[PDB]
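Encoded as structure tokens, the structure appears first; notes follow it.
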Amino acid sequence: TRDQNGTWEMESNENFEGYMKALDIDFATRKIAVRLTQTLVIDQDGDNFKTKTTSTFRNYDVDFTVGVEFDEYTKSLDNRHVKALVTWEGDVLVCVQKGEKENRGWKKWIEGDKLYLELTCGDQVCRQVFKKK
Ligand SMILES: *C/C=C(C)/C=C/C=C(C)/C=C/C1=C(C)CCCC1(C)C
């Protein structure tokens with residue numbers, strides 16, 4: 001399925017520390033962030049996505065249209081400018097964030113009632129799994 005609508009509660013989070021370190025997120029922020037349960041709310045209408053990731057400590061909102069390049073300033077993360085593009089490869093939603101960091105982006109897909117999110121930066125891969133609330 002390409003339908004990723006839902007309120008998604010984080011079930012697991014593998015190597016978030018490595019990914020954040022590759023992004024140059026400071027030590028203290030990384031230590032807080034690795035322990036937190038995230039909720040990812042996705043509102044998807046055709047090719048329009050509105051997403052909100054929340055935790056007790058920090059939130060991050062990003063909206064995008066599939067197939068439309070957009071400028072991103074990663075405020076509240078690593079505070080960089082990237083040129084972002086989100087597209088479909090089969091039923092995998094693929095984001096490439098072009099800029100200073102190599103191999104920067106993510107892949108998101110559904111597999112039997114779980115949402116999988118693989119975040120990449122440099123040589124690091126973070127693997128997250130969510131379940132619908
Ligand atoms: C569709 C999947 C998306 C938009 C993935 C979003 C991932 C985040 C918003 C993660 C954000 C964070 C970090 C990268 C490190 C600091 C903690 C967070 C949760 C603000």
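Note that the numbering runs from 1 along the sequence shown for the chain. What's counted below: heavy atoms across the whole structure, side chains too, no hydrogens, waters or symmetry copies.
Pairs engaging residues 67-91 under the ring-ring contact (aromatic ring centres under 6.0 Å, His included) rule: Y73-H81 [sequence neighbours left out]. A ring-ring contact (aromatic ring centres under 6.0 Å, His included) check over residues 107-133, counting only residues at least two apart or in different chains, returns the pairs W109-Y116. Counting only residues at least two apart or in different chains, salt bridge (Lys or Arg N to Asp or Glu O under 4.0 Å) contacts with residues 120-133 comprise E118-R127.
Remark: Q124 engages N15, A22 in a side-chain contact (heavy atoms from CB on, under 4.5 Å) (not counting sequence neighbours). Listed by chain and number, the residues in a side-chain hydrogen bond (donor to acceptor under 3.5 Å, both in side chains) with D78 are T74, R80, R104 (sequence neighbours excluded). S76 meets the side-chain contact (heavy atoms from CB on, under 4.5 Å) test with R58; sequence neighbours excluded. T87 pairs by the side-chain contact (heavy atoms from CB on, under 4.5 Å) definition with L85, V94, not counting sequence neighbours. The side-chain hydrogen bond (donor to acceptor under 3.5 Å, both in side chains) check on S55 picks up nothing, with sequence neighbours excluded.
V96 and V125 fall into different hydrophobic clusters, where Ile, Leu, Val, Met, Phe, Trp and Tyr side chains are chained together by heavy-atom contacts under 4.5 Å. Under the 4.5 Å side-chain heavy-atom criterion for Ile, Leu, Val, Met, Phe, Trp and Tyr, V129 and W106 are members of distinct hydrophobic clusters. Residue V82 is not grouped with residue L93 when hydrophobic side chains (ILVMFWY) are merged at heavy-atom distances under 4.5 angstrom, including chains of intermediate members.
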Which pairs would a plain distance check flag for residues 45-53, meaning a side-chain donor or acceptor within less than 3.5 Å of a matching protein atom at least two apart in sequence or in another chain?
residue: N48; atom: OD1; partner: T65; partner atom: OG1; Å: 3.0
residue: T51; atom: OG1; partner: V62; partner atom: O; Å: 2.8

Side-chain donor-acceptor pairs under 3.5 Å in residues 4-11, sequence neighbours left out?
residue: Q4; atom: NE2; partner: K108; partner atom: O; Å: 3.2
residue: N5; atom: OD1; partner: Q44; partner atom: N; Å: 2.8
residue: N5; atom: ND2; partner: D3; partner atom: OD1; Å: 2.8
residue: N5; atom: ND2; partner: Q44; partner atom: O; Å: 3.0
residue: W8; atom: NE1; partner: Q4; partner atom: O; Å: 3.0
residue: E11; atom: OE1; partner: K114; partner atom: NZ; Å: 3.3
residue: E11; atom: OE2; partner: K114; partner atom: NZ; Å: 3.0

Report all side-chain donor-acceptor pairs from residues 27-41 shorter than 3.5 Å, counting only partners two or more places apart or in another chain.
residue: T29; atom: OG1; partner: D26; partner atom: OD1; Å: 3.0
residue: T29; atom: OG1; partner: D26; partner atom: OD2; Å: 2.8
residue: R30; atom: NE; partner: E17; partner atom: OE1; Å: 3.0
residue: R30; atom: NE; partner: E17; partner atom: OE2; Å: 3.1
residue: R30; atom: NH1; partner: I25; partner atom: O; Å: 2.7
residue: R30; atom: NH2; partner: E17; partner atom: OE2; Å: 3.4
residue: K31; atom: NZ; partner: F27; partner atom: O; Å: 3.3

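Scanning all heavy atoms of the two residues, the minimum distance from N13 to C126 falls at OD1-SG, 3.3 Å. The two residues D24 and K101 come nearest to each other via the heavy atoms OD2-NZ, 2.7 Å. Heavy atoms only, all atoms of each residue included: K107 and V92 are closest at CB-CG1, 3.9 Å. What you find for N79 and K75 is that their closest heavy atoms are OD1-CA, 3.4 Å.
For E69, the CD atom sits in a packed shell: over 12 heavy atoms of surrounding residues, nucleotides or ligands are nearer than 6.0 Å.
The structure places CG of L77 at 10.5 Å from CE of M20, a figure rounded to the nearest 0.5 Å.
Looking at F64 and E72, their side chains never come closer than 4.5 Å, going by heavy atoms from C-beta outward.
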